[PDB]
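Q: Numbering (the authors' numbering), first residue to last: 50 to 517, 519 to 557, 559 to 962. Ideal Cβ positions, reconstructed from N, Cα and C, are used throughout, including at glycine. Once you've had a glance at the structure underneath, I'll fire off some questions.
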Ligand SMILES: *[C@@H]1O[C@H](CO)[C@@H](O[C@@H]2O[C@H](CO)[C@@H](O[C@@H]3O[C@H](CO)[C@@H](O)[C@H](O[C@H]4O[C@H](CO)[C@@H](O)[C@H](O)[C@@H]4O)[C@@H]3O)[C@H](O)[C@H]2NC(C)=O)[C@H](O)[C@H]1NC(C)=O
Ligand SMILES: *[C@@H]1O[C@H](CO)[C@@H](O[C@@H]2O[C@H](CO)[C@@H](O[C@@H]3O[C@H](CO[C@H]4O[C@H](CO)[C@@H](O)[C@H](O)[C@@H]4O)[C@@H](O)[C@H](O)[C@@H]3O)[C@H](O)[C@H]2NC(C)=O)[C@H](O)[C@H]1NC(C)=O
Ligand SMILES: NC(=O)[C@H](Cc1ccccc1)NC(=O)[C@H](Cc1cc(-c2ccccc2O)no1)CP(=O)(O)[C@@H](N)CCc1ccccc1
Ligand SMILES: *[C@@H]1O[C@H](CO)[C@@H](O[C@@H]2O[C@H](CO)[C@@H](O[C@@H]3O[C@H](CO)[C@@H](O)[C@H](O)[C@@H]3O)[C@H](O)[C@H]2NC(C)=O)[C@H](O)[C@H]1NC(C)=O
Ligand SMILES: *[C@@H]1O[C@H](CO)[C@@H](O[C@@H]2O[C@H](CO)[C@@H](O)[C@H](O)[C@H]2NC(C)=O)[C@H](O)[C@H]1NC(C)=O
Ligand SMILES: *[C@@H]1O[C@H](CO)[C@@H](O)[C@H](O)[C@H]1NC(C)=O
Ligand SMILES: *[C@@H]1O[C@H](CO)[C@@H](O)[C@H](O)[C@H]1NC(C)=O
Ligand SMILES: *[C@@H]1O[C@H](CO)[C@@H](O)[C@H](O)[C@H]1NC(C)=O
Ligand SMILES: *[C@@H]1O[C@H](CO)[C@@H](O)[C@H](O)[C@H]1NC(C)=O
Ligand SMILES: [Zn+2]
């Protein structure tokens with residue numbers, strides 16, 4: 050009783066382990082919450098119907114920053130705790146966010162009890178728990194609401210509970226309100242009862258089985274727009290009253306999307322209603338609470354005068370994502386946070402297939418490869434992780450919501466689908482979701498259901514699946531099933547991403564390596580980090596002679612294939628559907644670049660964006676010289692697939708901003724010239740309108756921002772005119788949404804426009820328009836102004852605090868601000884902790900937002916120092932090492948190819 054931890058009051062806490070005990074299993078929660086929005090208080094009470102599997106003396110729960118007032122225990126099966134039951138003694142042990150209740154006599158197996166507590170707290174001033182949010186009306190009034198955000202482990206800041214995702218229970222929620230407000234929660238309201246003083250009591254329908262983190266309840270002012278799905282779900286979009294205009298497309302798109310998901314999964318959405326509500330103060334982008342999905346206004350609200358088409362594509366993708374959570378994450382929750390990718394990676398993947406299903410016009414298929422490329426940069430560093438990986442503390446759990454669980458999870462799924470086909474892939478996910486509905490799954494569970502997918506409706510006679519035959523196919527289906535489950539599991543447990551090397555003989560030797568950046572092949576530690584890595588990569592390839600795609604699994608470090616027609620070139624990873632990079636040896640890279648400059652149309656357009664990415668990443672690998680990747684961008688002047696064109700330019704624009712930050716004004720002036728002159732035709736075709744289709748529109752904003760970011764004399768002139776008209780018309784005129792952001796940042800370049808822009812930020816009713824405005828403000832060249840912006844965001848009264856993170860990142864992007872942001876962060880690191888969690892995305896982004904672009908040996912030392920200073924104070928985050936590898940990789944890239952870039956650009960001048 051000594052090595053045991055000590056509760057406050059000084060006692061021995063019965064448990065001392067980070068997890069909870071699987072002996073008292075919660076079945077049903079009766080939750081009564083009564084918040085006061087004038088006091089900014091809440092009073093609440095709860096009765097948990099629990100089951101005991103094993104005899105115990107002590108009950109262990111989660112509670113945090115909650116004052117428990119009263120603790121009792123009753124039963125209708127165990128006589129001893131007969132009505133009105135017995136009082137419990139409460140021991141709190143905050144270090145593990147656990148609360149221990151002791152009973153006067155041990156309890157009985159297979160007998161259900163009722164645990165009751167009365168507790169109270171203040172509404173949070175953060176972005177978690179049961180917190181306080183605030184919005185501005187059109188009149189200029191300020192109103193309050195109370196809102197919940199619990200994922201992953203802040204449910205316990207609102208009510209005591211078994212805050213782990215496997216402890217699934219039903220929830221019955223009563224909420225007390227003034228007549229001024231309404232109350233929402235996960236399920237439909239069945240009753241509202243008049244109370245003595247004048248207050249009302251909302252009783253909500255008791256929920257289905259679900260994890261704690263999804264519970265939701267809201268008290269507020271809002272207005273709604275309703276519609277019904279083909280399955281008869283009442284969908285409603287909620288926002289502050291003056292913003293109900295902007296709420297119309299969210300309703301149209303969510304109806305179409307809930308329809309798509311029900312038919313695709315062959316599973317009806319189980320609740321009667323579904324609510325989407327735009328929360329003014331919202332840290333995450335959105336959250337998927339079952340039947341009560343919360344968003345930032347930017348995620349959900351669309352206004353047609355001030356939102357761009359790209360804005361529309363973003364709003365429609367979050368709705369897509371959140372709605373995919375109702376099955377992946379709510380209908381089937383992962384067993385533990387270690388397999389969080391089971392929720393997020395699958396949800397992210399269904400954004401693709403559903404947005405492509407219901408809004409092809411938005412041309413989202415063409416931008417999905419960007420999801421893969423974004424994680425590939427981090428999976429090329431040794432600081433990455435395998436998809437599934439242990440996590441125990443609340444900060445580690447938060448860390449798990451990254452590019453790995455989300456993007457990598459989705460790219461390995463999309464790779465696996467190409468392998469099996471939509472028909473086999475769909476039927477596999479329907480079997481998964483039906484089988485695990487209302488309970489949890491672990492990583493291994495999924496691969497079994499996807500591996501044993503049945504291609505069609507189970508052909509009873511004589512089938513390959515169920516009800517009955520024994521054939522040679524049957525030994526191959528059973529045999530290919532365990533081929534796929536073996537394959538996927540190594541992608542799941544191996545950090546990193548493979549590099550397929552292809553040497554074309556007379557008739559193809561294949562080698563497999565762990566792709567790595569920074570580190571070169573000759574380097575001392577390159578052979579040390581290639582240890583033990585091997586993937587079952589499902590390859591693809593097509594050749595110069597025929598469009599036929601050949602598919603060849605590879606399960607060894609070396610292999611070789613025989614080419615029949617011995618054609619001009621071979622291209623592996625067709626449409627880049629596979630999570631790997633191909634490097635060609637000896638006039639095979641040269642062969643493909645030859646094609647791109649003659650008929651680039653003899654390679655399908657995903658192959659072209661695939662090569663463009665692979666080419667530059669191999670320059671990062673050192674396996675290629677920069678002259679070759681720049682030699683490929685030559686063809687881009689004939690390029691017609693807008694995705695390949697913008698992928699290409701993006702790299703070139705990358706370089707310019709890199710040079711500009713380091714003051715290298717020879718190269719970032721020829722870079723300026725090479726873009727403006729070589730791509731002058733495509734730039735000058737663009738409107739200053741909203742006139743085209745979605746890739747026309749999306750391509751117009753892209754190029755015009757490019758030209759105005761390079762101070763192209765004409766485009767800066769047209770933008771400043773448009774800004775003046777808008778300012779001199781007191782907003783009576785309108786600016787096309789595609790150039791809205793460009794115009795604002797042009798205007799921001801004088802104090803007059805900047806000050807007007809800030810003053811008209813406070814009065815806008817479109818949070819898209821604000822988001823664009825704040826960017827424009829962040830492009831000021833006066834450090835006097837940037838500092839104001841950052842201080843306004845620290846304050847949080849004008850520029851809301853859910854923007855201080857992305858603001859800092861914006862300021863840091865541009866040269867005049869990359870320091871001031873760095874200085875600020877190190878000078879107020881402790882203040883920034885009192886506003887955000889150490890594992891929050893707001894901190895991970897504040898950190899790399901201001902450091903990860905550094906590319907000099909001298910800056911790295913500062914950062915390593917600052918990070919050490921932090922780890923010294925007990926703060927550790929994986930993001931630390933990731934930045935350092937990134938900063939390091941930047942230094943090596945400059946050291947190895949800066950002369951080549953400089954020389955390549957001068958050479959182009961001559962022709
Ligand atoms: C959160 O707390 C706020 C206060 O911080 C609270 O608002 C207050 O509610 C009380 C209770 O309803 C109000 O006090 C009453 O006001 C009415 C007039 O509106 C008076 O008539 C009351 O006195 C009589 O009431 C009875 C009849 O109903 C009589 O039988 C009795 O004998 C009295 O003669 C009493 O003064 C108070 O006005 C508000 N505060 C305001 C409006 O500023 C709010 O209700 C709480 N919210 C929740 C959800 O709990
Ligand atoms: C906790 O959540 C659980 C879900 O995870 C709930 O379990 C569900 O409970 C319901 C009710 O017992 C079961 O519903 C079944 O539905 C059929 C069809 O109902 C028929 O009768 C009605 C009445 O007129 C009619 O309207 C219908 O159309 C049908 O004609 C019933 O016949 C069954 O007996 C059964 O009631 C679900 O199957 C069940 N699902 C699961 C996964 O367990 C549980 O109820 C929740 N607990 C609490 C206390 O609410
Ligand atoms: N801007 C972002 O990418 C933020 C970054 C972030 C912030 C906080 C946590 C995790 C990630 N993503 C979200 O807020 C997420 C994921 C996501 C991606 C997209 C997206 C939509 C359209 C187009 C591109 C997109 O990427 N929309 O949402 C909503 P979730 O459904 O998984 C929910 N259960 C998250 C729960 C959570 C809350 C607090 C801590 C930890 C986890
Ligand atoms: C780069 O290669 C492509 C091949 O994919 C070239 O386009 C193709 O050119 C041939 C030759 O004209 C077309 O063949 C067909 O000939 C008959 C004979 O009259 C005619 O009736 C057909 O309609 C067609 O012209 C082939 O179809 C054509 N493909 C397409 C999609 O038009 C391309 O022209 C080459 N590069 C350049 C710069 O031309
Ligand atoms: C995106 O949507 C399109 C919808 O047409 C898909 O393309 C079709 O896919 C079906 C299979 O469901 C094929 O039989 C058709 O021939 C395709 N038509 C066209 C015009 O391409 C496309 O596959 C979808 N992409 C994803 C990833 O789901
Ligand atoms: C507790 O559960 C375990 C599970 O292994 C079981 O063996 C045991 O009999 C149960 N009861 C007690 C008192 O441990
Ligand atoms: C326990 O709850 C009852 C009911 O509200 C209350 O009267 C009592 O004060 C509470 N706690 C005690 C007496 O310790
Ligand atoms: C809200 O909707 C109606 C729809 O016709 C429109 O006439 C009204 O002006 C709108 N108000 C705002 C502020 O957009
Ligand atoms: C790479 O990561 C491994 C695994 O965490 C670690 O053992 C090693 O120190 C790291 N090395 C480098 C050079 O990053
Ligand atoms: Zn998600």
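#1: What residue from 792, 127 and 121 has the CA that sits closest to residue 133's CA?
#2: Beta carbon of residue 730, beta carbon of residue 688: below 8 Å?
#3: Assign residue 443 to one of two classes, buried (16 or more other C-beta atoms within 10 Å of its C-beta) or exposed (fewer than that).
#4: For the alpha helix (DSSP H) holding residue 683, just list the boundary residues, first then last.
#5: Taking buried to mean at least 16 other C-beta atoms within 10 Å of its own C-beta, is residue 205 buried or exposed?
#6: Is there contact between the region 463-474 and the region 358-370, where contact requires at least three CB pairs shorter than 8 Å?
#7: At which residues does the alpha helix (DSSP H) containing residue 210 begin and terminate?
#8: What are the uninterrupted segments assigned as alpha helix (DSSP H) that are 4 or more residues long and contained completely in the region 323-398, given in chain order?
#9: For the region 630-658, which segments carrying the beta strand (DSSP E) assignment without a break, of at least 3 residues, lie completely within its bounds, in sequence order?
#10: How is the alpha helix (DSSP H) around residue 419 delimited, first residue to last?
#11: Just to check my reading of the structure: residue 329 and residue 183 have Cβ atoms closer than 8 Å, yes? What is that Cβ distance to the nearest angstrom?
#12: Just how far apart, CA to CA, sit residue 864 and residue 831?
#13: Taking contact to mean 3 or more Cβ pairs, one atom from each stretch, closer than 8 Å, check whether the region 112-132 and the region 80-87 are in contact.
#14: Using the C-alpha atoms, what's the distance from residue 391 back to residue 278?
#15: So what's residue 557 in DSSP terms, helix, strand or just coil?
#16: Cutting at 6 Å between CB atoms, please list the residues of its own chain near residue 255, excluding the five before and the five after it.
#17: Determine the direct distance from the alpha carbon of residue 733 to that of residue 185, and round the result to whole angstroms.
#18: What residues match up with residue 276 in a beta bridge as DSSP calls it?
#19: Within the region 140-213, note down every full beta strand (DSSP E) run reaching 3 residues or more, in order along the chain.
#20: Can the beta-carbon of residue 282 be found less than 8 Å from the beta-carbon of residue 275?
#21: In chain order, what residues have a CB nearer than 7 Å to some heavy atom of ligand 7?
#22: Do you know how far the Cα of residue 606 is from the Cα of residue 457?
#23: Could you give the C-beta distance for residue 933 and residue 430, rounded to a whole number, given that I count them as a contact under 8 Å?
#24: Could you give the residue range of the alpha helix (DSSP H) that holds residue 313?
#25: Are the CB atoms of residue 311 and residue 280 nearer to each other than 8 Å?
#26: When DSSP labels each residue in this structure, what does residue 89 get in the three-state scheme?
#27: Kindly indicate the opening and closing residues of the alpha helix (DSSP H) around residue 603.
#28: Starting from the Cα of residue 789, find the closest Cα among 746, 782 and 209 and give me that residue.
#29: Within the present structure, is the beta-carbon of residue 839 separated from the nearest heavy atom of ligand 2 by less than 7 Å?
#30: Confirm the yes/no value for this check: CB of residue 409, any heavy atom of ligand 5, distance under 7 Å.
#31: For residue 319, which residues from the same chain have a beta carbon less than 7 Å from its beta carbon, with the 5 sequence-adjacent residues on both sides left out?
#32: Please state the DSSP three-state secondary structure of residue 544.
#33: Whose beta carbon lies closer than 6 Å to any heavy atom of ligand 4, going through the chain in order?
#34: Looking only at its own chain, which residues have a Cβ that is under 8 Å from the Cβ of residue 722, when we skip the five neighbours before and after it?
#35: Within this structure, are the beta carbons of residue 660 and residue 698 separated by less than 8 Å?
#36: So, helix, strand or coil for residue 461, using DSSP?
A: Let me lay it out:
#1: Position 84 of the chain shown, counted from the first residue, corresponds to residue 133. Of the candidates 792, 127 and 121, the one whose C-alpha sits nearest the C-alpha of residue 133 is 121.
#2: The count along the chain shown starts at 1 and reaches residue 730 at position 679. The count along the chain shown starts at 1 and reaches residue 688 at position 637. Less than 8 Å divides the Cβ of residue 730 from the Cβ of residue 688.
#3: As a first step, residue 443 is located in the chain shown; it is residue number 394 there, counting from the start. Result: buried.
#4: Counting from one through the chain shown, the residue named residue 683 turns up at place 632. Here the alpha helix (DSSP H) through residue 683 covers 677-683.
#5: Along the chain shown, read from residue 1 onward, the residue named residue 205 stands at position 156. Per the 10 Å Cβ criterion, buried.
#6: With the cut-off at 8 Å, the region 463-474 and the region 358-370 do not touch.
#7: Mapped onto the chain shown, residue 210 falls at position 161. It is not in any alpha helix (DSSP H) - residue 210 carries neither H nor E in the DSSP assignment.
#8: Within the region 323-398, the complete alpha helix (DSSP H) runs of at least 4 residues are 346-349 and 358-374.
#9: Taking only runs of at least 3 residues, the beta strand (DSSP E) segments lying wholly in the region 630-658 are 632-636.
#10: Counted from its first residue, the chain shown places residue 419 at position 370. Where residue 419 is concerned, the enclosing alpha helix (DSSP H) starts and stops at 418-428.
#11: The residue you call residue 329 lines up with position 280 of the chain shown. The residue you call residue 183 lines up with position 134 of the chain shown. Indeed, because the Cβ distance is near 6 Å, the residues count as touching under 8 Å.
#12: Your numbering for residue 864 matches position 813 in the chain shown. Your numbering for residue 831 matches position 780 in the chain shown. If I take the Cα positions, the gap works out to 12 Å.
#13: Segments in contact, no.
#14: The residue given as residue 278 occupies position 229 in the chain shown. The residue given as residue 391 occupies position 342 in the chain shown. Whole-angstrom Cα-Cα distance: 27 Å.
#15: Sequence index remark: in the chain shown, residue 557 carries index 507 (1-based). Correct three-state label for residue 557: coil.
#16: In the chain shown, counting from the first residue as 1, residue 255 sits at position 206. Sequence-distant Cβ neighbours of residue 255 in its own chain, meaning closer than 6 Å and more than five residues away, are 219 and 221.
#17: As a first step, residue 185 is located in the chain shown; it is residue number 136 there, counting from the start. As a first step, residue 733 is located in the chain shown; it is residue number 682 there, counting from the start. In a straight line, the C-alpha of residue 185 is about 43 Å away from that of residue 733.
#18: For the purposes of this step, residue 276 is identified with residue 227 of the chain shown, where counting begins at 1. The partner list for residue 276 (beta bridge, DSSP) reads 284.
#19: With a minimum length of 3 residues, the continuous beta strand (DSSP E) runs that stay inside the region 140-213 are 147-151, 160-171, 178-185 and 191-198.
#20: Taking the first residue of the chain shown as 1, we reach residue 282 at position 233. Taking the first residue of the chain shown as 1, we reach residue 275 at position 226. 8 Å or more divides the Cβ of residue 282 from the Cβ of residue 275.
#21: The set of residues whose C-beta lies within less than 7 Å of a heavy atom of ligand 7 reads, in chain order, 118, 119 and 167.
#22: Residue 457 sits at position 408 when you count from the first residue of the chain shown. Residue 606 sits at position 555 when you count from the first residue of the chain shown. Straight-line Cα distance between these residues: approximately 21 Å.
#23: Translated into positions along the chain shown, residue 933 becomes position 882. Translated into positions along the chain shown, residue 430 becomes position 381. Going by Cβ atoms, the distance from residue 933 to residue 430 rounds to 6 Å, so yes, they are a contact pair.
#24: For the purposes of this step, residue 313 is taken as residue 264 along the chain shown, with counting starting at 1. Annotation: the continuous alpha helix (DSSP H) that includes residue 313 extends over 297-314.
#25: Within the chain shown, the letter at position 262 stands for residue 311. Within the chain shown, the letter at position 231 stands for residue 280. Yes. Within cutoff.
#26: Along the chain shown, read from residue 1 onward, the residue named residue 89 stands at position 40. Reduced to three states, the DSSP call for residue 89 is coil.
#27: The residue given as residue 603 occupies position 552 in the chain shown. Note, residue 603: premise wrong, no alpha helix (DSSP H); beta strand (DSSP E) at 601-605.
#28: As a working note, residue 789 is residue 738 in the chain shown. Minimum Cα-Cα distance from residue 789 among the listed residues 746, 782 and 209 corresponds to 746.
#29: The residue you call residue 839 lines up with position 788 of the chain shown. Residue 839: no, Cβ never under 7 Å from ligand 2.
#30: In the chain shown, counting from the first residue as 1, residue 409 sits at position 360. Checking the Cβ of residue 409 against ligand 5 gives yes.
#31: Locating residue 319 in the chain shown gives position 270, counting from the first residue. Cβ neighbours of residue 319 beyond the five flanking positions: 257.
#32: Counted from its first residue, the chain shown places residue 544 at position 494. Residue state, collapsed to three classes: coil.
#33: Put simply, the residues with a CB less than 6 Å from any heavy atom of ligand 4 are 650, 652 and 653, in chain order.
#34: Position 671 of the chain shown, counting from 1, holds the residue named residue 722. Scanning its chain for C-beta atoms nearer than 8 Å, with the 5 sequence neighbours on each side dropped, one finds around residue 722 the residues 703, 706, 707, 710 and 956, in chain order.
#35: Walking along the chain shown from the start, residue 660 turns up at place 609. Walking along the chain shown from the start, residue 698 turns up at place 647. Yes.
#36: The sequence position of residue 461 within the chain shown is 412, counting from 1. The three-state secondary structure of residue 461, taken from DSSP, is helix.
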